[PDB]
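All remarks here apply to the structure that follows.
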Amino acid sequence: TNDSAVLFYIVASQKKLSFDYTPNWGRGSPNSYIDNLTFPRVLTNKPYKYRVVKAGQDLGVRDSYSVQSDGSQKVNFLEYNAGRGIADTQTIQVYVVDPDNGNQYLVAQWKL
Amino acid sequence: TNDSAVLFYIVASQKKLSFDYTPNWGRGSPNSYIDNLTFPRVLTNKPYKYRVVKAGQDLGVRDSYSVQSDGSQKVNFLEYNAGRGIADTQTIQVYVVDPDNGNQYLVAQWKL
Amino acid sequence: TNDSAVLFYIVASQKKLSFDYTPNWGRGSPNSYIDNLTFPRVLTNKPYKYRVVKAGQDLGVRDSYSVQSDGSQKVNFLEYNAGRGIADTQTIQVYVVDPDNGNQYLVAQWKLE
Amino acid sequence: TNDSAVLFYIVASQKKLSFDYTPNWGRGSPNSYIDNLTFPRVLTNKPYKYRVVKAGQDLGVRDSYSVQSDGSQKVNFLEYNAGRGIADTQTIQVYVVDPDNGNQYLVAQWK
């Protein structure tokens with residue numbers, strides 16, 4: 001199906017845009033835990049937050065780590081999971097949360 | 001800003017479509033309480049669920065009532081609010097939840 | 001691909017919407033000719049125009065006919081093809097034209113077989 | 001008015017994307033003529049074409065110039081306008097044309 005109309009709506013309204021939500025999953029100690037997730041280049045037109053779902057459990061929406069100098073942004077699952085990383089046998093879903101209307105969009109999923 | 005390209009992407013992909021999410025807020029007793037919300041004609045291509053947020057407090061997701069033969073669908077806030085209606089002095093935000101990815105989209109908002 | 005986000009953007013911005021662009025191809029005399037196209041329920045948020053392309057040849061834009069009381073709108077190819085229908089052996093493409101920015105979107109195609 | 005749903009649809013389906021359609025208009029000689037337009041980083045998933053409209057006159061579609069090694073792509077108005085630049089007192093509209101369906105999307109406008 002041809003969705004180029006949607007892409008050129010974004011081109012027309014933003015003109016110059018670069019993003020990279022390729023998930024970079026950071027492991028903890030021991031290595032079987034997933035401690036965090038980094039996106040190399042997030043969108044910055046709003047102060048987006050992130051919601052984390054662990055094995056079907058909503059861990060909530062927390063304060064974002066500041067966007068780093070390279071444009072990356074990191075989500076630290078220890079802030080969502082009571083100070084512990086997430087066992088890599090569990091599904092992890094990460095949603096961006098629009099601060100203006102509260103919408104949320106799946107941007108990463110860990111599932112071994 | 002001109003979004004006709006998005007509108008006609010939906011036309012080209014769907015061809016014939018009718019929906020009606022005009023919020024019909026159902027009042028309780030006393031009349032100052034809002035007990036529910038009915039949409040006259042919801043989308044039916046998935047088994048959508050609804051999340052309710054009351055004055056910024058996330059009430060979560062519940063099972064949906066069936067789409068009615070006239071196309072309407074009811075969201076009963078008593079199912080979300082521990083058996084109680086919501087005072088109309090509080091903000092009510094209702095999100096449709098996509099079951100394929102868990103995304104949520106604001107479709108109705110009460111705010112005095 | 002899951003494009004429900006695009007649909008609910010339209011839901012959120014329009015709230016109540018009904019359209020039907022199922023093509024209804026009207027034939028002339030001889031019945032071999034395609035003389036017009038009717039859409040049962042067009043969008044009406046702007047005074048859209050239509051461009052017609054006849055077997056790859058652009059026939060340009062013309063003023064649109066009024067949207068009818070039942071919601072339908074007719075595109076009359078005699079207006080685009082100097083008073084004659086289009087032989088049904090030719091492909092026909094019909095684009096809606098946004099009057100604000102001049103964008104064009106394919107909304108109907110006639111092609112035999 | 002909030003279109004983040006559309007933006008994150010593109011994020012979710014494309015994951016990593018960079019484009020730049022900031023118009024770099026090239027003037028001719030004399031300087032009052034607009035001879036061309038360059039986009040620094042175009043989309044490349046289709047062999048897109050360009051339509052040019054000058055002062056309400058549709059000049060049609062032409063062969064696209066190749067996307068260069070740096071990602072940029074140029075629209076030469078002399079190819080559309082019979083060997084002449086466009087006087088800068090006229091409106092210019094440039095549309096990207098989807099080769100799959102012939103749709104056209106405005107990407108640059110002079111006045």
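Ordering of the structure tokens sets the chain letters (A, B, ...), residue numbers begin anew at 1 in every chain, and ligands are numbered from 1 in the order given.
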Give me, as a PyMOL selection string, the contact residues of chain D against chain B at a cut-off of 12 Å, counting only C-alpha atoms. chain D and resi 1-9+12+101+103-106
Write the residues you've just listed into a file as a PDB file, in the first residue's frame, and include N, CA, C and O atoms for each of them.
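Written file, selection_27.pdb:
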ATOM      1  N   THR D   1      -5.188  19.792  15.040  1.00  0.00           N
ATOM      2  CA  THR D   1      -4.035  20.685  15.112  1.00  0.00           C
ATOM      3  C   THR D   1      -2.785  19.962  15.658  1.00  0.00           C
ATOM      4  O   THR D   1      -1.655  20.307  15.303  1.00  0.00           O
ATOM      5  N   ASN D   2      -2.979  18.957  16.512  1.00  0.00           N
ATOM      6  CA  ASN D   2      -1.876  18.126  16.992  1.00  0.00           C
ATOM      7  C   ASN D   2      -1.728  16.947  16.038  1.00  0.00           C
ATOM      8  O   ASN D   2      -2.613  16.086  15.962  1.00  0.00           O
ATOM      9  N   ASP D   3      -0.608  16.887  15.320  1.00  0.00           N
ATOM     10  CA  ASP D   3      -0.420  15.834  14.327  1.00  0.00           C
ATOM     11  C   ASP D   3       0.686  14.854  14.709  1.00  0.00           C
ATOM     12  O   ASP D   3       1.237  14.170  13.836  1.00  0.00           O
ATOM     13  N   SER D   4       1.004  14.752  16.002  1.00  0.00           N
ATOM     14  CA  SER D   4       2.070  13.851  16.418  1.00  0.00           C
ATOM     15  C   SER D   4       1.756  12.413  16.058  1.00  0.00           C
ATOM     16  O   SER D   4       2.674  11.617  15.840  1.00  0.00           O
ATOM     17  N   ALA D   5       0.473  12.054  15.981  1.00  0.00           N
ATOM     18  CA  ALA D   5       0.128  10.703  15.567  1.00  0.00           C
ATOM     19  C   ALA D   5       0.662  10.412  14.173  1.00  0.00           C
ATOM     20  O   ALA D   5       1.122   9.297  13.891  1.00  0.00           O
ATOM     21  N   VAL D   6       0.596  11.403  13.286  1.00  0.00           N
ATOM     22  CA  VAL D   6       1.080  11.200  11.927  1.00  0.00           C
ATOM     23  C   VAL D   6       2.592  11.111  11.929  1.00  0.00           C
ATOM     24  O   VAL D   6       3.187  10.268  11.247  1.00  0.00           O
ATOM     25  N   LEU D   7       3.236  11.995  12.686  1.00  0.00           N
ATOM     26  CA  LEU D   7       4.689  11.985  12.788  1.00  0.00           C
ATOM     27  C   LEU D   7       5.197  10.643  13.303  1.00  0.00           C
ATOM     28  O   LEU D   7       6.128  10.057  12.739  1.00  0.00           O
ATOM     29  N   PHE D   8       4.579  10.112  14.365  1.00  0.00           N
ATOM     30  CA  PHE D   8       5.072   8.854  14.911  1.00  0.00           C
ATOM     31  C   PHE D   8       4.615   7.640  14.110  1.00  0.00           C
ATOM     32  O   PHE D   8       5.235   6.577  14.219  1.00  0.00           O
ATOM     33  N   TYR D   9       3.610   7.789  13.248  1.00  0.00           N
ATOM     34  CA  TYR D   9       3.371   6.746  12.256  1.00  0.00           C
ATOM     35  C   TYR D   9       4.575   6.601  11.328  1.00  0.00           C
ATOM     36  O   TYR D   9       5.009   5.481  11.015  1.00  0.00           O
ATOM     37  N   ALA D  12       7.425   5.013  13.316  1.00  0.00           N
ATOM     38  CA  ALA D  12       7.259   3.579  13.524  1.00  0.00           C
ATOM     39  C   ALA D  12       7.450   2.795  12.237  1.00  0.00           C
ATOM     40  O   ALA D  12       7.912   1.650  12.279  1.00  0.00           O
ATOM     41  N   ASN D 101       1.437   6.563  -8.652  1.00  0.00           N
ATOM     42  CA  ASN D 101       0.051   6.937  -8.875  1.00  0.00           C
ATOM     43  C   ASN D 101      -0.132   8.292  -9.543  1.00  0.00           C
ATOM     44  O   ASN D 101      -1.273   8.664  -9.815  1.00  0.00           O
ATOM     45  N   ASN D 103       0.325  11.160  -8.116  1.00  0.00           N
ATOM     46  CA  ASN D 103      -0.025  12.181  -7.137  1.00  0.00           C
ATOM     47  C   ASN D 103       1.056  13.256  -7.118  1.00  0.00           C
ATOM     48  O   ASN D 103       2.211  13.003  -7.466  1.00  0.00           O
ATOM     49  N   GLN D 104       0.686  14.460  -6.687  1.00  0.00           N
ATOM     50  CA  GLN D 104       1.683  15.526  -6.604  1.00  0.00           C
ATOM     51  C   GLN D 104       1.531  16.326  -5.315  1.00  0.00           C
ATOM     52  O   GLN D 104       0.417  16.627  -4.877  1.00  0.00           O
ATOM     53  N   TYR D 105       2.673  16.663  -4.717  1.00  0.00           N
ATOM     54  CA  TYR D 105       2.753  17.251  -3.383  1.00  0.00           C
ATOM     55  C   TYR D 105       3.661  18.465  -3.451  1.00  0.00           C
ATOM     56  O   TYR D 105       4.817  18.343  -3.858  1.00  0.00           O
ATOM     57  N   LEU D 106       3.148  19.620  -3.020  1.00  0.00           N
ATOM     58  CA  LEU D 106       3.930  20.851  -3.057  1.00  0.00           C
ATOM     59  C   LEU D 106       5.099  20.762  -2.086  1.00  0.00           C
ATOM     60  O   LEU D 106       4.910  20.460  -0.903  1.00  0.00           O
TER      61      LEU D 106
END
Contact set, chain A to chain B: 10 Å, only C-alpha atoms, as an NGL selection string: :A and (1-10 or 12-13 or 53 or 58 or 60 or 93 or 95-98 or 101-107 or 109)
What does the file look like for those residues with N, CA and C atoms, as a short mmCIF file (atom, residue, chain, number, x, y, z; two decimals), in the first residue's frame?
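And here's out-v5.cif as it stands now:
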data_model
loop_
_atom_site.label_atom_id
_atom_site.label_comp_id
_atom_site.auth_asym_id
_atom_site.auth_seq_id
_atom_site.Cartn_x
_atom_site.Cartn_y
_atom_site.Cartn_z
N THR A 1 0.83 -1.20 0.00
CA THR A 1 0.00 0.00 0.00
C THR A 1 0.87 1.27 0.00
N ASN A 2 0.41 2.30 -0.71
CA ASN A 2 1.21 3.49 -0.99
C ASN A 2 0.88 4.57 0.03
N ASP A 3 1.80 4.82 0.96
CA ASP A 3 1.61 5.84 1.98
C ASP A 3 2.51 7.05 1.75
N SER A 4 2.96 7.28 0.51
CA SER A 4 3.83 8.43 0.26
C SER A 4 3.14 9.75 0.55
N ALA A 5 1.81 9.81 0.40
CA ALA A 5 1.10 11.02 0.77
C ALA A 5 1.36 11.40 2.22
N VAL A 6 1.41 10.42 3.12
CA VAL A 6 1.62 10.74 4.53
C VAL A 6 3.03 11.24 4.74
N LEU A 7 4.00 10.59 4.11
CA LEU A 7 5.39 11.02 4.19
C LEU A 7 5.56 12.44 3.65
N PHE A 8 4.94 12.77 2.52
CA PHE A 8 5.12 14.13 2.00
C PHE A 8 4.29 15.16 2.75
N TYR A 9 3.24 14.75 3.47
CA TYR A 9 2.66 15.67 4.43
C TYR A 9 3.70 16.09 5.47
N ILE A 10 4.47 15.12 5.99
CA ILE A 10 5.51 15.42 6.97
C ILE A 10 6.60 16.28 6.35
N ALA A 12 6.26 18.38 3.84
CA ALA A 12 5.71 19.72 3.64
C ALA A 12 5.64 20.51 4.94
N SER A 13 5.28 19.85 6.04
CA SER A 13 5.07 20.57 7.28
C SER A 13 6.35 20.78 8.09
N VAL A 53 6.22 -0.86 29.42
CA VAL A 53 5.37 -2.00 29.76
C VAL A 53 6.25 -3.23 29.82
N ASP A 58 2.06 -2.35 33.12
CA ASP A 58 2.32 -0.93 32.92
C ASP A 58 3.19 -0.40 34.06
N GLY A 60 4.30 2.66 34.05
CA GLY A 60 4.01 4.07 34.19
C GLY A 60 4.82 4.95 33.25
N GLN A 93 7.94 -3.21 26.15
CA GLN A 93 7.41 -2.27 25.18
C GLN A 93 7.64 -0.86 25.69
N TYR A 95 6.83 3.21 24.85
CA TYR A 95 5.95 4.13 24.15
C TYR A 95 6.44 5.54 24.35
N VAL A 96 6.45 6.33 23.28
CA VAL A 96 6.58 7.77 23.45
C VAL A 96 5.22 8.34 23.81
N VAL A 97 5.22 9.32 24.71
CA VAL A 97 3.99 9.90 25.22
C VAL A 97 3.98 11.37 24.84
N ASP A 98 2.98 11.77 24.07
CA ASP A 98 2.81 13.17 23.68
C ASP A 98 2.37 13.98 24.90
N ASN A 101 -1.46 15.92 24.32
CA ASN A 101 -2.74 15.22 24.37
C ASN A 101 -2.67 13.89 25.11
N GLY A 102 -1.50 13.46 25.56
CA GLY A 102 -1.38 12.21 26.28
C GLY A 102 -1.41 10.96 25.42
N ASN A 103 -1.44 11.09 24.09
CA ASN A 103 -1.34 9.95 23.20
C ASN A 103 -0.03 9.20 23.43
N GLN A 104 -0.02 7.93 23.05
CA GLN A 104 1.21 7.17 23.19
C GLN A 104 1.41 6.23 22.01
N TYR A 105 2.66 6.13 21.57
CA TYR A 105 3.01 5.45 20.33
C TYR A 105 4.15 4.48 20.58
N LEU A 106 3.97 3.23 20.19
CA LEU A 106 5.00 2.22 20.38
C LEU A 106 6.22 2.55 19.52
N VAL A 107 7.39 2.68 20.15
CA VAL A 107 8.62 2.98 19.43
C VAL A 107 9.69 1.91 19.60
N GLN A 109 10.31 -2.50 21.02
CA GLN A 109 9.83 -3.71 21.68
C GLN A 109 10.98 -4.70 21.77
#
Once you count only C-alpha atoms, what closest atom pair and distance in Å to one decimal does each residue of range 19-85 of chain B within 10 Å of range 6-13 of chain C have, with rows by chain and rising residue number, as a Markdown table?
| residue | atom | partner | partner_atom | distance |
| --- | --- | --- | --- | --- |
| B:19 | CA | C:11 | CA | 7.9 |
| B:20 | CA | C:11 | CA | 8.2 |
| B:21 | CA | C:11 | CA | 7.4 |
| B:22 | CA | C:11 | CA | 9.9 |
| B:42 | CA | C:11 | CA | 9.8 |
| B:43 | CA | C:11 | CA | 9.5 |
Please dump the current selection as a PDB file, in the first residue's frame; keep N, CA, C and O atoms.
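Produced file out.pdb, reproduced below:
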ATOM      1  N   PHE B  19     -17.753   7.534  10.230  1.00  0.00           N
ATOM      2  CA  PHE B  19     -17.582   7.416  11.668  1.00  0.00           C
ATOM      3  C   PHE B  19     -18.127   8.667  12.322  1.00  0.00           C
ATOM      4  O   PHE B  19     -18.313   9.702  11.676  1.00  0.00           O
ATOM      5  N   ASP B  20     -18.361   8.562  13.628  1.00  0.00           N
ATOM      6  CA  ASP B  20     -18.993   9.644  14.379  1.00  0.00           C
ATOM      7  C   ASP B  20     -18.575   9.463  15.843  1.00  0.00           C
ATOM      8  O   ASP B  20     -19.187   8.681  16.568  1.00  0.00           O
ATOM      9  N   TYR B  21     -17.540  10.196  16.254  1.00  0.00           N
ATOM     10  CA  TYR B  21     -17.081  10.222  17.638  1.00  0.00           C
ATOM     11  C   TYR B  21     -17.509  11.504  18.361  1.00  0.00           C
ATOM     12  O   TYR B  21     -16.852  11.934  19.314  1.00  0.00           O
ATOM     13  N   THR B  22     -18.599  12.139  17.919  1.00  0.00           N
ATOM     14  CA  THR B  22     -19.188  13.247  18.665  1.00  0.00           C
ATOM     15  C   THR B  22     -19.569  12.758  20.058  1.00  0.00           C
ATOM     16  O   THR B  22     -20.345  11.802  20.169  1.00  0.00           O
ATOM     17  N   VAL B  42     -18.662   4.200  15.865  1.00  0.00           N
ATOM     18  CA  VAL B  42     -17.238   3.957  16.043  1.00  0.00           C
ATOM     19  C   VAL B  42     -16.685   3.168  14.861  1.00  0.00           C
ATOM     20  O   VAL B  42     -17.413   2.509  14.108  1.00  0.00           O
ATOM     21  N   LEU B  43     -15.364   3.236  14.705  1.00  0.00           N
ATOM     22  CA  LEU B  43     -14.659   2.319  13.820  1.00  0.00           C
ATOM     23  C   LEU B  43     -14.741   0.904  14.375  1.00  0.00           C
ATOM     24  O   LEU B  43     -14.694   0.697  15.590  1.00  0.00           O
TER      25      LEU B  43
END
CA of residue 47 in chain C to CA of residue 69 in chain C, distance in Å rounded to a single decimal: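 Straight-line distance from CA of residue 47 in chain C to CA of residue 69 in chain C works out to 15.3 Å.
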Interatomic distance between CA of residue 80 in chain C and CA of residue 40 in chain C?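 Straight-line distance from CA of residue 80 in chain C to CA of residue 40 in chain C works out to 20.8 Å.
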To one decimal in Å, tell me the separation between CA of residue 32 in chain D and CA of residue 87 in chain D.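 According to the coordinates, CA of residue 32 in chain D and CA of residue 87 in chain D are separated by 6.1 Å.
Backbone DSSP of chain A yields helix (DSSP H, G or I) at residues 4, 5, 6, 7, 8, 9, 10, 11, 12, 13, 14, 77, 78 and 79 of chain A.
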Write the residues of the preceding selection, restricted to N, CA, C and O atoms, as an mmCIF file, in the first residue's frame.
data_model
loop_
_atom_site.group_PDB
_atom_site.id
_atom_site.type_symbol
_atom_site.label_atom_id
_atom_site.label_comp_id
_atom_site.auth_asym_id
_atom_site.auth_seq_id
_atom_site.Cartn_x
_atom_site.Cartn_y
_atom_site.Cartn_z
ATOM 1 N N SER A 4 2.959 7.282 0.512
ATOM 2 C CA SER A 4 3.831 8.429 0.263
ATOM 3 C C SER A 4 3.135 9.752 0.551
ATOM 4 O O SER A 4 3.796 10.737 0.903
ATOM 5 N N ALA A 5 1.814 9.809 0.400
ATOM 6 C CA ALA A 5 1.098 11.024 0.768
ATOM 7 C C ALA A 5 1.358 11.403 2.221
ATOM 8 O O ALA A 5 1.475 12.589 2.547
ATOM 9 N N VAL A 6 1.414 10.416 3.117
ATOM 10 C CA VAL A 6 1.618 10.736 4.529
ATOM 11 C C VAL A 6 3.035 11.244 4.743
ATOM 12 O O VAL A 6 3.270 12.222 5.463
ATOM 13 N N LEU A 7 4.000 10.587 4.106
ATOM 14 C CA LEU A 7 5.387 11.024 4.193
ATOM 15 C C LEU A 7 5.562 12.441 3.655
ATOM 16 O O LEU A 7 6.252 13.263 4.270
ATOM 17 N N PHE A 8 4.935 12.770 2.519
ATOM 18 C CA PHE A 8 5.116 14.128 2.004
ATOM 19 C C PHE A 8 4.290 15.163 2.749
ATOM 20 O O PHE A 8 4.619 16.354 2.693
ATOM 21 N N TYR A 9 3.244 14.754 3.466
ATOM 22 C CA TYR A 9 2.658 15.675 4.434
ATOM 23 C C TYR A 9 3.698 16.091 5.475
ATOM 24 O O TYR A 9 3.808 17.276 5.815
ATOM 25 N N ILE A 10 4.465 15.125 5.988
ATOM 26 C CA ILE A 10 5.507 15.420 6.973
ATOM 27 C C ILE A 10 6.601 16.281 6.348
ATOM 28 O O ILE A 10 7.080 17.237 6.968
ATOM 29 N N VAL A 11 7.013 15.959 5.112
ATOM 30 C CA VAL A 11 8.005 16.786 4.419
ATOM 31 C C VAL A 11 7.501 18.218 4.294
ATOM 32 O O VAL A 11 8.215 19.179 4.603
ATOM 33 N N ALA A 12 6.256 18.381 3.840
ATOM 34 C CA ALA A 12 5.713 19.722 3.638
ATOM 35 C C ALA A 12 5.644 20.507 4.939
ATOM 36 O O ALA A 12 5.914 21.712 4.959
ATOM 37 N N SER A 13 5.275 19.847 6.039
ATOM 38 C CA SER A 13 5.069 20.571 7.285
ATOM 39 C C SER A 13 6.351 20.778 8.088
ATOM 40 O O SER A 13 6.418 21.730 8.876
ATOM 41 N N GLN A 14 7.375 19.942 7.905
ATOM 42 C CA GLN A 14 8.608 20.060 8.686
ATOM 43 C C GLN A 14 9.827 20.487 7.878
ATOM 44 O O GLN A 14 10.721 21.135 8.432
ATOM 45 N N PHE A 77 15.466 1.806 32.605
ATOM 46 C CA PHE A 77 14.388 0.974 33.129
ATOM 47 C C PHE A 77 14.461 0.829 34.647
ATOM 48 O O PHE A 77 13.442 0.539 35.281
ATOM 49 N N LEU A 78 15.627 1.079 35.246
ATOM 50 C CA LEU A 78 15.726 1.046 36.702
ATOM 51 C C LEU A 78 14.830 2.096 37.351
ATOM 52 O O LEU A 78 14.361 1.891 38.477
ATOM 53 N N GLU A 79 14.564 3.219 36.663
ATOM 54 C CA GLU A 79 13.632 4.214 37.191
ATOM 55 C C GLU A 79 12.184 3.752 37.127
ATOM 56 O O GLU A 79 11.332 4.335 37.807
#
Across C:24, C:91, C:103, C:32, the smallest distance to chain A, with only C-alpha atoms counted, is shown by C:103
Distance cut-off 10 Å, counting only C-alpha atoms - which residues of chain C neighbour chain B? Return them as a PyMOL selection string. chain C and resi 2-23+40-43+45-46+96-98+100-101+103-108
Shell of 9 Å around residue 67 in chain B, only C-alpha atoms, local chain residues under 4 positions omitted, as a list in words: residues 41, 42, 44, 71, 72, 73 and 74 of chain B
Export of prior selection with N, CA, C and O atoms as a PDB file, in the first residue's frame:
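Contents of again.pdb, as written:
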ATOM      1  N   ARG B  41     -21.016   6.406  16.121  1.00  0.00           N
ATOM      2  CA  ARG B  41     -20.606   5.442  15.094  1.00  0.00           C
ATOM      3  C   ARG B  41     -19.092   5.246  15.159  1.00  0.00           C
ATOM      4  O   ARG B  41     -18.333   6.013  14.551  1.00  0.00           O
ATOM      5  N   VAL B  42     -18.662   4.200  15.865  1.00  0.00           N
ATOM      6  CA  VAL B  42     -17.238   3.957  16.043  1.00  0.00           C
ATOM      7  C   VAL B  42     -16.685   3.168  14.861  1.00  0.00           C
ATOM      8  O   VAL B  42     -17.413   2.509  14.108  1.00  0.00           O
ATOM      9  N   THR B  44     -14.864  -0.082  13.483  1.00  0.00           N
ATOM     10  CA  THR B  44     -15.061  -1.464  13.903  1.00  0.00           C
ATOM     11  C   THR B  44     -14.024  -2.418  13.328  1.00  0.00           C
ATOM     12  O   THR B  44     -14.181  -3.635  13.472  1.00  0.00           O
ATOM     13  N   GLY B  71     -24.520   1.080  15.421  1.00  0.00           N
ATOM     14  CA  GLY B  71     -23.149   1.518  15.262  1.00  0.00           C
ATOM     15  C   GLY B  71     -22.552   2.213  16.469  1.00  0.00           C
ATOM     16  O   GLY B  71     -21.356   2.539  16.451  1.00  0.00           O
ATOM     17  N   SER B  72     -23.334   2.455  17.513  1.00  0.00           N
ATOM     18  CA  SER B  72     -22.828   3.241  18.620  1.00  0.00           C
ATOM     19  C   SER B  72     -22.036   2.353  19.583  1.00  0.00           C
ATOM     20  O   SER B  72     -22.132   1.124  19.566  1.00  0.00           O
ATOM     21  N   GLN B  73     -21.231   2.997  20.422  1.00  0.00           N
ATOM     22  CA  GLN B  73     -20.511   2.291  21.468  1.00  0.00           C
ATOM     23  C   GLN B  73     -20.468   3.164  22.714  1.00  0.00           C
ATOM     24  O   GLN B  73     -20.267   4.377  22.630  1.00  0.00           O
ATOM     25  N   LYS B  74     -20.690   2.535  23.866  1.00  0.00           N
ATOM     26  CA  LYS B  74     -20.761   3.231  25.140  1.00  0.00           C
ATOM     27  C   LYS B  74     -19.532   2.928  25.989  1.00  0.00           C
ATOM     28  O   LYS B  74     -19.091   1.776  26.074  1.00  0.00           O
TER      29      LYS B  74
END
Contacts of range 45-54 of chain D at 9 Å (only C-alpha atoms; same-chain gap of 2+ positions) as a PyMOL selection string: chain D and resi 43+56-65+75+77+80-81+86+90-100+104
As a PDB file with N, CA, C and O atoms, in the first residue's frame, please: the residues near residue 91 in chain B (cut-off 10 Å, only C-alpha atoms, same-chain neighbours under 2 positions excluded).
ATOM      1  N   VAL B  53      -8.804   8.733  31.699  1.00  0.00           N
ATOM      2  CA  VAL B  53      -7.960   9.497  32.612  1.00  0.00           C
ATOM      3  C   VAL B  53      -8.836  10.571  33.249  1.00  0.00           C
ATOM      4  O   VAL B  53      -9.464  11.367  32.539  1.00  0.00           O
ATOM      5  N   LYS B  54      -8.901  10.571  34.582  1.00  0.00           N
ATOM      6  CA  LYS B  54      -9.750  11.476  35.352  1.00  0.00           C
ATOM      7  C   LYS B  54      -8.858  12.469  36.095  1.00  0.00           C
ATOM      8  O   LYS B  54      -8.144  12.090  37.029  1.00  0.00           O
ATOM      9  N   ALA B  55      -8.899  13.735  35.679  1.00  0.00           N
ATOM     10  CA  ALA B  55      -8.084  14.795  36.284  1.00  0.00           C
ATOM     11  C   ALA B  55      -6.611  14.389  36.365  1.00  0.00           C
ATOM     12  O   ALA B  55      -5.951  14.524  37.400  1.00  0.00           O
ATOM     13  N   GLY B  56      -6.093  13.864  35.257  1.00  0.00           N
ATOM     14  CA  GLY B  56      -4.722  13.402  35.206  1.00  0.00           C
ATOM     15  C   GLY B  56      -4.454  12.063  35.871  1.00  0.00           C
ATOM     16  O   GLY B  56      -3.324  11.562  35.783  1.00  0.00           O
ATOM     17  N   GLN B  57      -5.444  11.461  36.526  1.00  0.00           N
ATOM     18  CA  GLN B  57      -5.272  10.160  37.163  1.00  0.00           C
ATOM     19  C   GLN B  57      -5.657   9.057  36.178  1.00  0.00           C
ATOM     20  O   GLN B  57      -6.801   9.005  35.703  1.00  0.00           O
ATOM     21  N   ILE B  86     -18.270  10.623  37.576  1.00  0.00           N
ATOM     22  CA  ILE B  86     -17.232  11.639  37.678  1.00  0.00           C
ATOM     23  C   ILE B  86     -17.892  13.006  37.765  1.00  0.00           C
ATOM     24  O   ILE B  86     -18.753  13.331  36.945  1.00  0.00           O
ATOM     25  N   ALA B  87     -17.480  13.810  38.743  1.00  0.00           N
ATOM     26  CA  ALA B  87     -18.014  15.166  38.852  1.00  0.00           C
ATOM     27  C   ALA B  87     -17.590  15.994  37.644  1.00  0.00           C
ATOM     28  O   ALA B  87     -16.445  15.911  37.191  1.00  0.00           O
ATOM     29  N   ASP B  88     -18.518  16.812  37.119  1.00  0.00           N
ATOM     30  CA  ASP B  88     -18.196  17.515  35.875  1.00  0.00           C
ATOM     31  C   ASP B  88     -17.184  18.639  36.063  1.00  0.00           C
ATOM     32  O   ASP B  88     -16.800  19.270  35.070  1.00  0.00           O
ATOM     33  N   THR B  89     -16.732  18.885  37.294  1.00  0.00           N
ATOM     34  CA  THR B  89     -15.637  19.805  37.552  1.00  0.00           C
ATOM     35  C   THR B  89     -14.275  19.181  37.286  1.00  0.00           C
ATOM     36  O   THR B  89     -13.261  19.884  37.369  1.00  0.00           O
ATOM     37  N   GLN B  93     -10.582  12.437  30.078  1.00  0.00           N
ATOM     38  CA  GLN B  93      -9.958  12.159  28.793  1.00  0.00           C
ATOM     39  C   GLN B  93     -10.154  10.692  28.453  1.00  0.00           C
ATOM     40  O   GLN B  93      -9.853   9.817  29.270  1.00  0.00           O
ATOM     41  N   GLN B 109     -12.737  14.533  25.190  1.00  0.00           N
ATOM     42  CA  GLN B 109     -12.270  15.226  26.379  1.00  0.00           C
ATOM     43  C   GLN B 109     -13.377  16.112  26.925  1.00  0.00           C
ATOM     44  O   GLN B 109     -13.930  16.944  26.195  1.00  0.00           O
ATOM     45  N   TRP B 110     -13.693  15.922  28.203  1.00  0.00           N
ATOM     46  CA  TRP B 110     -14.574  16.811  28.943  1.00  0.00           C
ATOM     47  C   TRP B 110     -13.718  17.753  29.780  1.00  0.00           C
ATOM     48  O   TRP B 110     -12.852  17.304  30.538  1.00  0.00           O
ATOM     49  N   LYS B 111     -13.943  19.055  29.624  1.00  0.00           N
ATOM     50  CA  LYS B 111     -13.207  20.044  30.412  1.00  0.00           C
ATOM     51  C   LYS B 111     -14.065  21.297  30.502  1.00  0.00           C
ATOM     52  O   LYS B 111     -14.305  21.951  29.482  1.00  0.00           O
ATOM     53  N   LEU B 112     -14.531  21.619  31.708  1.00  0.00           N
ATOM     54  CA  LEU B 112     -15.361  22.804  31.920  1.00  0.00           C
ATOM     55  C   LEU B 112     -14.531  24.083  31.816  1.00  0.00           C
ATOM     56  O   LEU B 112     -14.795  25.067  32.510  1.00  0.00           O
TER      57      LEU B 112
END
Pick out the closest residue to chain C from this set: D:67, D:41, D:11, D:88. Count only C-alpha atoms.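 Closest to chain C, using only C-alpha atoms: D:11.
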Residue set, range 7-49 of chain D restricted to strand (DSSP E or B), as a ChimeraX atom specification: /D:16-20,24-27,33-39,41,49
For residue 64 in chain B, please output as an NGL selection string all residues within 8 Å (counting only C-alpha atoms; exclusion window: fewer than 3 positions along the same chain). :B and (48-50 or 75)
